[PDB]
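Only one chain is given next, in structure tokens, and it is the form solved without pyridoxal-5'-phosphate.
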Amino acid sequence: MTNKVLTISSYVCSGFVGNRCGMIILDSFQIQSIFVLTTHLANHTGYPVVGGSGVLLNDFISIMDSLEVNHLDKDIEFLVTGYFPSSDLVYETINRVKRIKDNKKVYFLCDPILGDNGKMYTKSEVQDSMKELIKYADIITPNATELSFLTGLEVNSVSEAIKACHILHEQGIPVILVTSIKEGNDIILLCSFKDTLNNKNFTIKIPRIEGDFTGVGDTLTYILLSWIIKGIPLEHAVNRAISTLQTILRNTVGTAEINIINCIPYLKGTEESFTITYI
């Protein structure tokens, strides 16, 4: 019994975002993981009141130190970061990431959680610190808004997303999965590679289901990562992840919370319902 994944992200007592999505998904795939929380909130930030607090830097340090000293993180092969409430935790996480990647190969999926629909959810300080964190990632999974905040570019189309991805590839980021770009009544996902010699950029066109959903990007991150962990090539891992997500959303009533608990039996679905379209 060794921990294979370390995931650092938010926690909500009720509903499904961040590490709570991560727990549900990684537990269902039976991938032994460490879940370090960055918040302890009653519910997600979409509600009118959001009780509870961000995790304090000293407690985060204490936790990370304890995992190291007790050798509980020695065998980590995969790292995920999500939501941070404050930049101090982001800068500390950068120090930890550098250390974790020094003694072994560790695949780091950075899921920057900053906003949606052109608006910032997160405390504004976080943005700049996230621009630094992403530089250590093997893959990043922003939505279009987040891509815009990480580059300063408008991202209102695939072409604009391509240009913004270039900026980040030039900083060294090998892979960028832009999880949603509005195109009419479809959502386009774009997968862009720094190394186009050995990888083919692609899009996937997803018909929009009515509603603005919360935790969908987090759910994608963890289903995707789970399949990557299970040895599935990236193209297929993405297609499975988006396909399973369509199933979850078709079975979700309202938009406050995704129906992930009831859908646990279908999380390991292998249906690849979409076409991989090469640019």
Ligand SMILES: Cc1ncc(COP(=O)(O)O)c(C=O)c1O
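One-based numbering along the sequence shown. Rigid core: the largest C-alpha set superposing within 1.5 Å between the two forms.
If you look for the form deposited with pyridoxal-5'-phosphate bound, you will not find it shown, but the lines that follow are about it.
The site on this chain is open, since pyridoxal-5'-phosphate, superimposed from its pose in the entry with it bound on the surrounding C-alphas, has no atom within 2.4 angstroms of any backbone or C-beta atom. Site annotation in the entry with it bound: the residue of 248, 55, 228, 41 reaching within 4.5 Å of pyridoxal-5'-phosphate with a heavy atom is 41. Screening 89, 176, 113, 155 for any heavy atom within 4.5 Å of pyridoxal-5'-phosphate in the entry with it bound leaves a single hit, 113. Residues 12, 45 and 214 are all found to lie within 4.5 Å of pyridoxal-5'-phosphate in the entry with it bound, as judged by heavy atom distances. pyridoxal-5'-phosphate in the entry with it bound is not approached by residue 107, whose heavy atoms all lie more than 4.5 angstroms from it. In the entry with it bound, no heavy atom of residue 260 sits within 4.5 Å of pyridoxal-5'-phosphate. Contact annotation for residue 17: at least one heavy atom lies within 4.5 Å of pyridoxal-5'-phosphate in the entry with it bound.
In summary, the region of this chain contacting pyridoxal-5'-phosphate in the entry with it bound, judged by heavy atoms within 4.5 Å and restricted to 23 to 31, 65 to 73, 45 to 53, 228 to 236, corresponds to 45 to 53. Using a 4.5 Å cut-off on any heavy atom, the one residue of 80 to 103 that reaches pyridoxal-5'-phosphate in the entry with it bound is 83. Taking 2 Å as the criterion, residue 253 counts as shifted between the shown form and the other one: its C-alpha moves by at least this amount when the rigid core is aligned.
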